[PDB]
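**Q** One file: run-v7.cif (mmCIF, C-alpha atoms and all ligand atoms).
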```
data_structure
loop_
_atom_site.group_PDB
_atom_site.id
_atom_site.type_symbol
_atom_site.label_atom_id
_atom_site.label_comp_id
_atom_site.auth_asym_id
_atom_site.auth_seq_id
_atom_site.Cartn_x
_atom_site.Cartn_y
_atom_site.Cartn_z
ATOM 1 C CA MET Q 1 21.368 16.122 23.987
ATOM 2 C CA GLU Q 2 23.959 18.752 24.920
ATOM 3 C CA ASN Q 3 25.886 17.224 22.018
ATOM 4 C CA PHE Q 4 23.440 18.640 19.407
ATOM 5 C CA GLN Q 5 22.673 22.031 17.939
ATOM 6 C CA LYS Q 6 19.127 22.276 16.680
ATOM 7 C CA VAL Q 7 19.179 23.895 13.258
ATOM 8 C CA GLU Q 8 15.458 23.987 12.495
ATOM 9 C CA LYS Q 9 12.127 22.312 13.171
ATOM 10 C CA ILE Q 10 11.347 20.110 10.212
ATOM 11 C CA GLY Q 11 8.076 18.617 11.257
ATOM 12 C CA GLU Q 12 5.664 17.335 13.866
ATOM 13 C CA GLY Q 13 5.953 13.563 13.779
ATOM 14 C CA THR Q 14 3.610 10.933 15.144
ATOM 15 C CA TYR Q 15 5.504 10.782 18.418
ATOM 16 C CA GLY Q 16 7.045 14.234 18.810
ATOM 17 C CA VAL Q 17 8.880 17.113 17.160
ATOM 18 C CA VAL Q 18 11.463 16.371 14.474
ATOM 19 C CA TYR Q 19 14.469 18.669 14.079
ATOM 20 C CA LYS Q 20 17.341 19.074 11.699
ATOM 21 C CA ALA Q 21 20.384 19.194 13.979
ATOM 22 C CA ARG Q 22 24.141 19.283 14.033
ATOM 23 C CA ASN Q 23 26.429 17.170 16.196
ATOM 24 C CA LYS Q 24 28.458 19.642 18.248
ATOM 25 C CA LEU Q 25 31.190 17.010 17.965
ATOM 26 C CA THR Q 26 31.468 15.356 14.544
ATOM 27 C CA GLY Q 27 29.643 18.337 12.924
ATOM 28 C CA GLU Q 28 27.336 15.672 11.464
ATOM 29 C CA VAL Q 29 23.916 16.859 10.228
ATOM 30 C CA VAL Q 30 21.137 14.530 11.440
ATOM 31 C CA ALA Q 31 17.389 14.319 12.049
ATOM 32 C CA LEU Q 32 16.584 14.343 15.784
ATOM 33 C CA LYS Q 33 13.222 12.943 16.915
ATOM 34 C CA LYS Q 34 11.708 13.519 20.363
ATOM 35 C CA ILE Q 35 9.539 10.542 21.461
ATOM 36 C CA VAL Q 44 10.576 4.922 28.859
ATOM 37 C CA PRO Q 45 9.193 1.385 29.159
ATOM 38 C CA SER Q 46 12.010 -1.163 28.982
ATOM 39 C CA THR Q 47 10.156 -2.976 26.193
ATOM 40 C CA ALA Q 48 10.247 0.124 23.970
ATOM 41 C CA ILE Q 49 13.947 0.621 24.707
ATOM 42 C CA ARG Q 50 14.771 -2.963 23.773
ATOM 43 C CA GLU Q 51 12.669 -2.909 20.541
ATOM 44 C CA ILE Q 52 14.261 0.356 19.378
ATOM 45 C CA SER Q 53 17.717 -0.959 20.275
ATOM 46 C CA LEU Q 54 17.206 -3.859 17.872
ATOM 47 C CA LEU Q 55 16.439 -1.426 15.064
ATOM 48 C CA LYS Q 56 20.055 -0.119 15.226
ATOM 49 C CA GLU Q 57 21.193 -3.269 13.383
ATOM 50 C CA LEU Q 58 18.418 -3.276 10.776
ATOM 51 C CA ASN Q 59 20.623 -1.534 8.221
ATOM 52 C CA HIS Q 60 19.986 -1.322 4.507
ATOM 53 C CA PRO Q 61 20.553 1.369 1.803
ATOM 54 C CA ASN Q 62 16.830 1.971 1.426
ATOM 55 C CA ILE Q 63 16.137 2.297 5.182
ATOM 56 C CA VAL Q 64 16.908 5.627 6.854
ATOM 57 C CA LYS Q 65 19.809 4.827 9.211
ATOM 58 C CA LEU Q 66 19.142 4.839 12.945
ATOM 59 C CA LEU Q 67 22.375 6.342 14.289
ATOM 60 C CA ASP Q 68 21.700 6.407 17.988
ATOM 61 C CA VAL Q 69 19.251 6.352 20.800
ATOM 62 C CA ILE Q 70 19.497 8.812 23.665
ATOM 63 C CA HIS Q 71 17.571 8.068 26.871
ATOM 64 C CA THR Q 72 18.115 10.811 29.459
ATOM 65 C CA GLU Q 73 16.062 12.478 32.198
ATOM 66 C CA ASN Q 74 13.562 9.785 31.282
ATOM 67 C CA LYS Q 75 13.188 11.265 27.815
ATOM 68 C CA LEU Q 76 13.800 9.501 24.521
ATOM 69 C CA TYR Q 77 15.511 10.918 21.423
ATOM 70 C CA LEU Q 78 16.238 9.069 18.191
ATOM 71 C CA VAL Q 79 19.038 10.291 15.925
ATOM 72 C CA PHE Q 80 18.703 9.456 12.234
ATOM 73 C CA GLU Q 81 20.556 9.954 9.008
ATOM 74 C CA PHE Q 82 19.198 13.199 7.477
ATOM 75 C CA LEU Q 83 17.505 13.421 4.058
ATOM 76 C CA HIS Q 84 16.429 16.716 2.522
ATOM 77 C CA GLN Q 85 12.968 15.929 1.206
ATOM 78 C CA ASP Q 86 10.017 13.613 1.417
ATOM 79 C CA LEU Q 87 7.815 12.025 -1.229
ATOM 80 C CA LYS Q 88 4.742 13.997 -0.163
ATOM 81 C CA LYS Q 89 6.454 17.302 -0.957
ATOM 82 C CA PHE Q 90 8.042 15.868 -4.135
ATOM 83 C CA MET Q 91 4.625 14.700 -5.325
ATOM 84 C CA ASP Q 92 2.968 18.042 -4.600
ATOM 85 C CA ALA Q 93 5.844 19.733 -6.479
ATOM 86 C CA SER Q 94 5.393 17.410 -9.491
ATOM 87 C CA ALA Q 95 1.610 17.891 -9.580
ATOM 88 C CA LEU Q 96 1.700 19.770 -12.897
ATOM 89 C CA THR Q 97 3.457 17.195 -15.070
ATOM 90 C CA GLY Q 98 3.545 14.191 -12.693
ATOM 91 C CA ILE Q 99 6.609 12.116 -11.681
ATOM 92 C CA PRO Q 100 8.044 10.439 -14.822
ATOM 93 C CA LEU Q 101 7.256 6.706 -15.008
ATOM 94 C CA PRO Q 102 10.931 5.636 -14.992
ATOM 95 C CA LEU Q 103 11.390 7.513 -11.686
ATOM 96 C CA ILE Q 104 8.152 6.067 -10.180
ATOM 97 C CA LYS Q 105 9.426 2.605 -11.193
ATOM 98 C CA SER Q 106 12.878 3.245 -9.681
ATOM 99 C CA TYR Q 107 11.335 4.509 -6.404
ATOM 100 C CA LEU Q 108 8.951 1.539 -6.206
ATOM 101 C CA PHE Q 109 11.791 -0.892 -6.921
ATOM 102 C CA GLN Q 110 13.971 0.648 -4.181
ATOM 103 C CA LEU Q 111 11.119 0.779 -1.613
ATOM 104 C CA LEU Q 112 10.394 -2.912 -2.288
ATOM 105 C CA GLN Q 113 14.069 -3.728 -1.648
ATOM 106 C CA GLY Q 114 13.764 -1.911 1.710
ATOM 107 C CA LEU Q 115 10.642 -3.848 2.584
ATOM 108 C CA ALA Q 116 12.140 -7.204 1.469
ATOM 109 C CA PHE Q 117 15.059 -6.626 3.754
ATOM 110 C CA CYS Q 118 13.068 -5.647 6.828
ATOM 111 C CA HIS Q 119 10.412 -8.299 6.218
ATOM 112 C CA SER Q 120 13.119 -10.986 5.996
ATOM 113 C CA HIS Q 121 13.918 -10.074 9.616
ATOM 114 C CA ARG Q 122 10.223 -10.112 10.491
ATOM 115 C CA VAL Q 123 10.114 -6.347 11.145
ATOM 116 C CA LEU Q 124 7.132 -4.343 9.895
ATOM 117 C CA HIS Q 125 6.679 -0.626 9.304
ATOM 118 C CA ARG Q 126 2.861 -0.525 9.652
ATOM 119 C CA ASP Q 127 2.445 3.180 8.937
ATOM 120 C CA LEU Q 128 4.013 3.744 5.522
ATOM 121 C CA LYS Q 129 2.952 7.010 3.869
ATOM 122 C CA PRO Q 130 4.495 9.565 1.553
ATOM 123 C CA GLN Q 131 5.626 11.739 4.517
ATOM 124 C CA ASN Q 132 8.003 8.988 5.662
ATOM 125 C CA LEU Q 133 9.435 8.098 2.274
ATOM 126 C CA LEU Q 134 12.521 10.266 2.009
ATOM 127 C CA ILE Q 135 14.536 11.176 -1.067
ATOM 128 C CA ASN Q 136 18.043 12.478 -1.844
ATOM 129 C CA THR Q 137 19.752 14.146 -4.861
ATOM 130 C CA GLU Q 138 21.227 10.831 -6.029
ATOM 131 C CA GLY Q 139 17.960 9.245 -7.047
ATOM 132 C CA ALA Q 140 17.611 7.159 -3.848
ATOM 133 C CA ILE Q 141 14.475 6.841 -1.749
ATOM 134 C CA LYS Q 142 14.395 5.428 1.828
ATOM 135 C CA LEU Q 143 11.838 4.345 4.382
ATOM 136 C CA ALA Q 144 11.847 6.415 7.611
ATOM 137 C CA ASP Q 145 10.480 5.303 10.998
ATOM 138 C CA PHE Q 146 10.626 1.605 10.276
ATOM 139 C CA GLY Q 147 9.793 -0.486 13.308
ATOM 140 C CA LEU Q 148 8.623 2.427 15.487
ATOM 141 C CA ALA Q 149 4.998 1.262 15.386
ATOM 142 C CA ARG Q 150 5.701 -1.991 17.215
ATOM 143 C CA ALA Q 151 7.903 -0.166 19.720
ATOM 144 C CA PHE Q 152 5.527 2.759 20.503
ATOM 145 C CA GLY Q 153 2.153 1.823 18.868
ATOM 146 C CA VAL Q 154 0.222 3.842 16.231
ATOM 147 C CA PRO Q 155 -2.024 6.375 17.879
ATOM 148 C CA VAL Q 156 -5.218 7.858 16.519
ATOM 149 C CA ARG Q 157 -3.774 11.393 16.781
ATOM 150 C CA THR Q 158 -0.203 12.601 16.951
ATOM 151 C CA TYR Q 159 1.338 14.381 19.922
ATOM 152 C CA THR Q 160 0.017 17.659 18.430
ATOM 153 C CA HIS Q 161 -3.495 16.175 17.973
ATOM 154 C CA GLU Q 162 -3.119 15.870 14.164
ATOM 155 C CA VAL Q 163 -5.124 12.953 12.758
ATOM 156 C CA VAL Q 164 -2.879 9.981 11.815
ATOM 157 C CA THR Q 165 -3.867 9.273 8.223
ATOM 158 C CA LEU Q 166 -5.900 6.191 7.375
ATOM 159 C CA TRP Q 167 -5.347 6.477 3.602
ATOM 160 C CA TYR Q 168 -2.693 3.760 3.367
ATOM 161 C CA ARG Q 169 -4.119 1.363 5.981
ATOM 162 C CA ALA Q 170 -4.669 -2.263 4.994
ATOM 163 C CA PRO Q 171 -8.166 -3.640 5.120
ATOM 164 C CA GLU Q 172 -7.259 -6.336 7.657
ATOM 165 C CA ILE Q 173 -6.210 -3.659 10.121
ATOM 166 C CA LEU Q 174 -9.471 -1.741 9.489
ATOM 167 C CA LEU Q 175 -11.461 -4.991 9.979
ATOM 168 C CA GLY Q 176 -9.867 -5.610 13.421
ATOM 169 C CA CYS Q 177 -7.269 -8.313 12.693
ATOM 170 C CA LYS Q 178 -5.078 -8.558 15.779
ATOM 171 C CA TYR Q 179 -2.001 -10.203 14.250
ATOM 172 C CA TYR Q 180 -1.529 -8.568 10.877
ATOM 173 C CA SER Q 181 1.602 -9.413 8.849
ATOM 174 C CA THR Q 182 4.259 -7.916 6.589
ATOM 175 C CA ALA Q 183 1.508 -7.811 3.924
ATOM 176 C CA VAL Q 184 0.227 -4.588 5.531
ATOM 177 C CA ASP Q 185 3.240 -2.717 4.210
ATOM 178 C CA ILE Q 186 2.743 -4.073 0.689
ATOM 179 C CA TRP Q 187 -0.809 -2.716 0.743
ATOM 180 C CA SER Q 188 0.417 0.751 1.818
ATOM 181 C CA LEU Q 189 3.092 0.769 -0.840
ATOM 182 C CA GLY Q 190 0.601 -0.253 -3.538
ATOM 183 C CA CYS Q 191 -1.612 2.734 -2.481
ATOM 184 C CA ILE Q 192 1.451 5.010 -2.791
ATOM 185 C CA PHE Q 193 2.366 3.504 -6.234
ATOM 186 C CA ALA Q 194 -1.153 4.323 -7.536
ATOM 187 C CA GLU Q 195 -0.914 7.866 -6.067
ATOM 188 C CA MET Q 196 2.413 8.610 -7.796
ATOM 189 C CA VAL Q 197 0.908 7.467 -11.156
ATOM 190 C CA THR Q 198 -2.438 9.293 -10.952
ATOM 191 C CA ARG Q 199 -1.360 12.305 -8.882
ATOM 192 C CA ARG Q 200 -4.252 11.768 -6.488
ATOM 193 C CA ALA Q 201 -4.567 9.721 -3.278
ATOM 194 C CA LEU Q 202 -6.181 6.343 -4.058
ATOM 195 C CA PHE Q 203 -8.358 5.943 -0.926
ATOM 196 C CA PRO Q 204 -8.494 9.327 0.969
ATOM 197 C CA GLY Q 205 -10.672 8.114 3.835
ATOM 198 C CA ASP Q 206 -11.647 10.536 6.597
ATOM 199 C CA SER Q 207 -12.892 7.937 9.065
ATOM 200 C CA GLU Q 208 -12.412 4.192 9.489
ATOM 201 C CA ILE Q 209 -15.717 3.414 7.770
ATOM 202 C CA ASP Q 210 -15.103 5.915 4.940
ATOM 203 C CA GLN Q 211 -11.671 4.377 4.451
ATOM 204 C CA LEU Q 212 -13.145 0.859 4.260
ATOM 205 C CA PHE Q 213 -16.021 1.900 2.008
ATOM 206 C CA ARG Q 214 -13.676 3.747 -0.366
ATOM 207 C CA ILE Q 215 -11.607 0.547 -0.597
ATOM 208 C CA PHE Q 216 -14.783 -1.488 -1.284
ATOM 209 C CA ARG Q 217 -16.022 0.992 -3.930
ATOM 210 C CA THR Q 218 -12.879 0.460 -6.027
ATOM 211 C CA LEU Q 219 -11.939 -3.179 -5.299
ATOM 212 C CA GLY Q 220 -15.406 -4.519 -4.607
ATOM 213 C CA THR Q 221 -16.844 -5.451 -1.219
ATOM 214 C CA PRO Q 222 -14.804 -8.449 -0.067
ATOM 215 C CA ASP Q 223 -16.569 -11.736 0.420
ATOM 216 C CA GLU Q 224 -15.685 -15.316 1.216
ATOM 217 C CA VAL Q 225 -14.793 -16.040 -2.433
ATOM 218 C CA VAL Q 226 -11.993 -13.477 -2.672
ATOM 219 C CA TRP Q 227 -10.993 -13.523 1.025
ATOM 220 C CA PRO Q 228 -11.801 -16.707 2.902
ATOM 221 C CA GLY Q 229 -12.470 -15.890 6.536
ATOM 222 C CA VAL Q 230 -13.274 -12.211 5.958
ATOM 223 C CA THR Q 231 -16.851 -12.442 7.210
ATOM 224 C CA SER Q 232 -15.562 -13.688 10.562
ATOM 225 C CA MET Q 233 -13.254 -10.706 11.297
ATOM 226 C CA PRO Q 234 -14.101 -8.609 14.391
ATOM 227 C CA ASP Q 235 -15.258 -5.447 12.599
ATOM 228 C CA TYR Q 236 -16.839 -7.064 9.566
ATOM 229 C CA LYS Q 237 -20.597 -6.326 9.287
ATOM 230 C CA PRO Q 238 -22.928 -8.354 7.052
ATOM 231 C CA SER Q 239 -24.737 -5.038 6.496
ATOM 232 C CA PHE Q 240 -21.791 -3.499 4.570
ATOM 233 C CA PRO Q 241 -23.100 -2.409 1.147
ATOM 234 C CA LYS Q 242 -21.964 -4.646 -1.722
ATOM 235 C CA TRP Q 243 -20.038 -2.672 -4.365
ATOM 236 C CA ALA Q 244 -18.729 -4.071 -7.648
ATOM 237 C CA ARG Q 245 -15.018 -4.162 -8.431
ATOM 238 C CA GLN Q 246 -13.711 -1.560 -10.907
ATOM 239 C CA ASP Q 247 -11.239 -2.450 -13.670
ATOM 240 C CA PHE Q 248 -7.712 -1.217 -13.022
ATOM 241 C CA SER Q 249 -7.703 0.409 -16.430
ATOM 242 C CA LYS Q 250 -10.188 2.882 -14.926
ATOM 243 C CA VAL Q 251 -8.383 3.186 -11.594
ATOM 244 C CA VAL Q 252 -4.792 4.032 -12.619
ATOM 245 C CA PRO Q 253 -4.582 5.225 -16.267
ATOM 246 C CA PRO Q 254 -2.186 5.413 -18.003
ATOM 247 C CA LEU Q 255 -0.294 2.681 -16.174
ATOM 248 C CA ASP Q 256 0.717 -0.178 -18.477
ATOM 249 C CA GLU Q 257 -0.396 -3.802 -18.162
ATOM 250 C CA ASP Q 258 2.731 -4.811 -16.213
ATOM 251 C CA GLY Q 259 2.168 -2.041 -13.710
ATOM 252 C CA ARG Q 260 -1.519 -2.767 -13.354
ATOM 253 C CA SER Q 261 -0.834 -6.456 -12.843
ATOM 254 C CA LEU Q 262 1.687 -5.737 -10.062
ATOM 255 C CA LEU Q 263 -0.587 -3.111 -8.402
ATOM 256 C CA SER Q 264 -3.502 -5.532 -8.470
ATOM 257 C CA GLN Q 265 -1.326 -8.098 -6.687
ATOM 258 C CA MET Q 266 -0.167 -5.562 -4.086
ATOM 259 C CA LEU Q 267 -3.812 -4.755 -3.365
ATOM 260 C CA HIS Q 268 -5.181 -8.336 -3.017
ATOM 261 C CA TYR Q 269 -7.675 -8.460 -0.158
ATOM 262 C CA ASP Q 270 -6.380 -11.731 1.398
ATOM 263 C CA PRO Q 271 -3.097 -10.801 3.147
ATOM 264 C CA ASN Q 272 -1.852 -14.369 2.702
ATOM 265 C CA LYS Q 273 -2.306 -14.037 -1.122
ATOM 266 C CA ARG Q 274 -1.035 -10.470 -1.455
ATOM 267 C CA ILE Q 275 2.334 -10.397 -3.262
ATOM 268 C CA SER Q 276 5.479 -10.336 -1.087
ATOM 269 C CA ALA Q 277 8.197 -7.700 -1.490
ATOM 270 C CA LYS Q 278 10.610 -10.412 -2.722
ATOM 271 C CA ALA Q 279 8.123 -11.660 -5.324
ATOM 272 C CA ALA Q 280 7.300 -8.143 -6.426
ATOM 273 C CA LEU Q 281 10.985 -7.456 -7.158
ATOM 274 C CA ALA Q 282 10.873 -10.318 -9.701
ATOM 275 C CA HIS Q 283 7.778 -8.969 -11.433
ATOM 276 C CA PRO Q 284 8.097 -8.158 -15.158
ATOM 277 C CA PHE Q 285 7.274 -4.515 -14.433
ATOM 278 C CA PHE Q 286 10.898 -4.188 -13.256
ATOM 279 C CA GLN Q 287 12.473 -5.661 -16.404
ATOM 280 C CA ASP Q 288 13.598 -2.232 -17.641
ATOM 281 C CA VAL Q 289 14.121 -0.517 -14.324
ATOM 282 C CA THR Q 290 16.732 2.270 -14.129
ATOM 283 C CA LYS Q 291 17.827 4.887 -11.599
ATOM 284 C CA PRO Q 292 17.018 8.385 -12.856
ATOM 285 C CA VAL Q 293 18.203 11.436 -10.913
ATOM 286 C CA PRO Q 294 15.257 13.606 -9.932
ATOM 287 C CA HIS Q 295 15.305 17.350 -9.974
ATOM 288 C CA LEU Q 296 15.454 18.540 -6.384
ATOM 289 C CA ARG Q 297 15.252 22.139 -5.168
ATOM 290 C CA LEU Q 298 16.896 22.440 -1.734
HETATM 291 CL CL1 LIG B 301 6.879 15.336 10.349
HETATM 292 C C1 LIG B 301 7.752 14.020 9.738
HETATM 293 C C2 LIG B 301 7.104 12.792 9.602
HETATM 294 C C3 LIG B 301 7.806 11.687 9.144
HETATM 295 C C4 LIG B 301 9.137 11.816 8.785
HETATM 296 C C5 LIG B 301 9.792 13.049 8.911
HETATM 297 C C6 LIG B 301 11.235 13.088 8.567
HETATM 298 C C7 LIG B 301 11.672 13.951 7.498
HETATM 299 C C8 LIG B 301 13.026 13.927 7.107
HETATM 300 N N1 LIG B 301 13.556 14.676 6.084
HETATM 301 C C9 LIG B 301 12.642 15.298 5.147
HETATM 302 C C10 LIG B 301 12.462 16.750 5.418
HETATM 303 C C11 LIG B 301 13.569 17.591 5.523
HETATM 304 C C12 LIG B 301 13.353 18.955 5.789
HETATM 305 N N2 LIG B 301 12.121 19.484 5.986
HETATM 306 C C13 LIG B 301 11.064 18.659 5.867
HETATM 307 C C14 LIG B 301 11.183 17.280 5.594
HETATM 308 N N3 LIG B 301 13.863 13.070 7.779
HETATM 309 N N4 LIG B 301 15.199 12.885 7.592
HETATM 310 C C15 LIG B 301 15.552 11.874 8.430
HETATM 311 C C16 LIG B 301 14.454 11.432 9.241
HETATM 312 C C17 LIG B 301 13.331 12.198 8.808
HETATM 313 N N5 LIG B 301 12.022 12.213 9.194
HETATM 314 C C18 LIG B 301 9.091 14.161 9.399
HETATM 315 CL CL2 LIG B 301 9.839 15.650 9.572
#
```
Could you quickly redo this structure as structure tokens?
**A**
Amino acid sequence: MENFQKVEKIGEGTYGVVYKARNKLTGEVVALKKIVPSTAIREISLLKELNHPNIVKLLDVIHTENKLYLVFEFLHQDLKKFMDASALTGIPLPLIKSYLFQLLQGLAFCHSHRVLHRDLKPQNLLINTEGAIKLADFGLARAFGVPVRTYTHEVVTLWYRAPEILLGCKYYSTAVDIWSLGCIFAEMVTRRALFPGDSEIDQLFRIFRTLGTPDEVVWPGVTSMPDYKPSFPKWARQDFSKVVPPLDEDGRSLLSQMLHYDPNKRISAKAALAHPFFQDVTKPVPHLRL
């Protein structure tokens, strides 16, 4: 750590404080994250080779005095702040499309190596002045787990959590990240969180209120999941035209596939990249204020 000069505290992450820092050597500007069981060390070590343009680069791992620090490529802003800043007029559709397209490329790459994110949310989708967007903290969930509260006691959001996780599935798949991304896609379009749950049951019931209470027809096996209760109220499914106006038919079709209840039926990142919604995709340069 003596090799870094902390510039400023940028946030309180799930696992510890996050700082903008400078390498006292290469003068490099990086993000430094404070987080050790050998298993965690090995899992994180593997992430050093999981490199792709849409995945924030893991530069190094420092394990000293029995403390763990992760050094990442630095990006100036996150999607949460960009969305709040674009609340008045909303993010232009071409830019939402470009961001979704890029995030799907990031997921397709990691998923092809069987690595999941598991806790995708706007706060960990980072953007630069070139029109790129990247996934931060990929793979950390398997290495360290996803706690109920962060190190500073802040509630870890449930808003983007897949229903199979909420229903107690033990071995969820790469489909969980597609669900989260679909929730983020809808939020960029409407300028409001899709399912802003404030407890596990509120999260589930908000999902059911929009997509209908899942049953054996739409999700074979659902009634046998650990946290499924036959006493759940039965809500009817809303039309997507009501859920995400003014998204076009291509967008609504893709969203609806990203939010399928059955994880085995939910669209993959690779399939989503081939969807007609991306026919006219471009790479606009957003207006950033650093
Ligand atoms: Cl708290 C938290 C949670 C998840 C990811 C992050 C977080 C945020 C950024 N940059 C965005 C940013 C820059 C300056 N001030 C605020 C944000 N980065 N940049 C590389 C890793 C990283 N992780 C952070 Cl800070």
**Q** Mind listing the residues within 10 Å of ligand LIG 301 (chain B), only C-alpha atoms and all ligand atoms counted, as a ChimeraX atom specification?
**A** /Q:8-20,29-33,64-66,78-89,128-136,142-145,298
**Q** Where does the PyMOL selection byres (((chain Q and resi 5) around 9) and not hetatm) land in this file, that is, which residues does it pick, as a tab-separated table (two decimals) with C-alpha atoms, in the frame of the given file?
**A**
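Final file, expr_21.tsv:
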```
chain	number	residue	atom	x	y	z
Q	1	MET	CA	21.37	16.12	23.99
Q	2	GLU	CA	23.96	18.75	24.92
Q	3	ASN	CA	25.89	17.22	22.02
Q	4	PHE	CA	23.44	18.64	19.41
Q	6	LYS	CA	19.13	22.28	16.68
Q	7	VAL	CA	19.18	23.90	13.26
Q	20	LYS	CA	17.34	19.07	11.70
Q	21	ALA	CA	20.38	19.19	13.98
Q	22	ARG	CA	24.14	19.28	14.03
Q	23	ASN	CA	26.43	17.17	16.20
Q	24	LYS	CA	28.46	19.64	18.25
```
**Q** Using only C-alpha atoms, which residues of region 28-125 of chain Q come within 6 Å of region 269-290 of chain Q, and what is the closest atom pair for each, with the distance in Å to one decimal? Give it as a tab-separated table, sorted by chain and residue number.
**A**
```
residue	atom	partner	partner_atom	distance
Q:106	CA	Q:290	CA	6.0
Q:112	CA	Q:277	CA	5.3
Q:116	CA	Q:277	CA	5.0
```
**Q** Exactly which residues make up the result of the PyMOL selection byres (((chain Q and resi 117) around 12) and not hetatm) on this file, given as an mmCIF file with C-alpha atoms, keeping the file's coordinate frame?
**A**
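Everything below was put into result06.cif:
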```cif
data_model
loop_
_atom_site.group_PDB
_atom_site.id
_atom_site.type_symbol
_atom_site.label_atom_id
_atom_site.label_comp_id
_atom_site.auth_asym_id
_atom_site.auth_seq_id
_atom_site.Cartn_x
_atom_site.Cartn_y
_atom_site.Cartn_z
ATOM 1 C CA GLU Q 57 21.193 -3.269 13.383
ATOM 2 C CA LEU Q 58 18.418 -3.276 10.776
ATOM 3 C CA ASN Q 59 20.623 -1.534 8.221
ATOM 4 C CA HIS Q 60 19.986 -1.322 4.507
ATOM 5 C CA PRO Q 61 20.553 1.369 1.803
ATOM 6 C CA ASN Q 62 16.830 1.971 1.426
ATOM 7 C CA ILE Q 63 16.137 2.297 5.182
ATOM 8 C CA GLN Q 110 13.971 0.648 -4.181
ATOM 9 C CA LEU Q 111 11.119 0.779 -1.613
ATOM 10 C CA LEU Q 112 10.394 -2.912 -2.288
ATOM 11 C CA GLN Q 113 14.069 -3.728 -1.648
ATOM 12 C CA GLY Q 114 13.764 -1.911 1.710
ATOM 13 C CA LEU Q 115 10.642 -3.848 2.584
ATOM 14 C CA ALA Q 116 12.140 -7.204 1.469
ATOM 15 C CA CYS Q 118 13.068 -5.647 6.828
ATOM 16 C CA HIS Q 119 10.412 -8.299 6.218
ATOM 17 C CA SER Q 120 13.119 -10.986 5.996
ATOM 18 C CA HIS Q 121 13.918 -10.074 9.616
ATOM 19 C CA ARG Q 122 10.223 -10.112 10.491
ATOM 20 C CA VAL Q 123 10.114 -6.347 11.145
ATOM 21 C CA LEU Q 124 7.132 -4.343 9.895
ATOM 22 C CA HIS Q 125 6.679 -0.626 9.304
ATOM 23 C CA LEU Q 143 11.838 4.345 4.382
ATOM 24 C CA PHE Q 146 10.626 1.605 10.276
ATOM 25 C CA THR Q 182 4.259 -7.916 6.589
ATOM 26 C CA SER Q 276 5.479 -10.336 -1.087
ATOM 27 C CA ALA Q 277 8.197 -7.700 -1.490
ATOM 28 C CA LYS Q 278 10.610 -10.412 -2.722
ATOM 29 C CA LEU Q 281 10.985 -7.456 -7.158
#
```
**Q** Counting only C-alpha atoms, which residue out of Q:139, Q:259, Q:153, Q:238 sits closest to residue 190 (chain Q)?
**A** Q:259
**Q** Quick one: residues within 12 Å of (7.4, -0.9, 17.7) (file frame), counting all atoms listed in the file, please, as a ChimeraX atom specification.
**A** /Q:15,45,47-55,123-127,145-155
**Q** Given the choices Q:99, Q:170, Q:183, Q:163, which gets closest to residue 206 (chain Q) if the distance is worked out from all atoms listed in the file?
**A**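 Closest candidate: Q:163.
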**Q** Determine, counting all atoms listed in the file, which protein, DNA and RNA residues have an atom within 12 Å of an atom of region 222-229 of chain Q; residues of the same chain fewer than 3 positions away are not included. Present the result as number ranges by chain.
**A** Q: 171-172, 175, 177, 212-213, 215-219, 232-234, 236-238, 240-245, 267-274
**Q** Just give me the gap between CA of residue 211 (chain Q) and CA of residue 196 (chain Q) in Å, one decimal is fine.
**A** 19.1 Å
**Q** Between CA of residue 92 (chain Q) and CA of residue 108 (chain Q), what is the spacing in Å?
**A**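 One can read the CA of residue 108 (chain Q) to CA of residue 92 (chain Q) distance as 17.6 Å.
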**Q** I'd like to know which of Q:164, Q:76, Q:180, Q:100 is closest to residue 207 (chain Q), using all atoms listed in the file.
**A** Q:164
**Q** Expressed in Å to a single decimal, how great is the separation between CA of residue 95 (chain Q) and CA of residue 199 (chain Q)?
**A**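 Computed distance, CA of residue 95 (chain Q) to CA of residue 199 (chain Q), equals 6.4 Å.
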**Q** From the options Q:156, Q:197, Q:296, Q:191, which residue's atoms come nearest to residue 93 (chain Q), counting only C-alpha atoms?
**A**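 Of Q:156, Q:197, Q:296, Q:191, the one nearest residue 93 (chain Q) is Q:296, counting only C-alpha atoms.
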**Q** Could you give me the centre and size, in Å to one decimal, of an axis-aligned box around all listed atoms of region 264-267 of chain Q with 8 Å added on every side, as AutoDock Vina command-line options?
**A**
```
--center_x -2.0 --center_y -6.4 --center_z -5.9 --size_x 19.6 --size_y 19.3 --size_z 21.1
```
**Q** For each of Q:107, Q:77, Q:159, Q:203, take the minimum atom-to-atom distance to residue 138 (chain Q), counting all atoms listed in the file, then give the residue where this is smallest.
**A**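 Distance minimum relative to residue 138 (chain Q) lands on Q:107.
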**Q** Quick one: which residues end up in the PyMOL selection byres (((chain Q and resi 252) around 9) and not hetatm) for this structure, as a PyMOL selection string?
**A** chain Q and resi 194-195+197-198+202+248-251+253-255+260
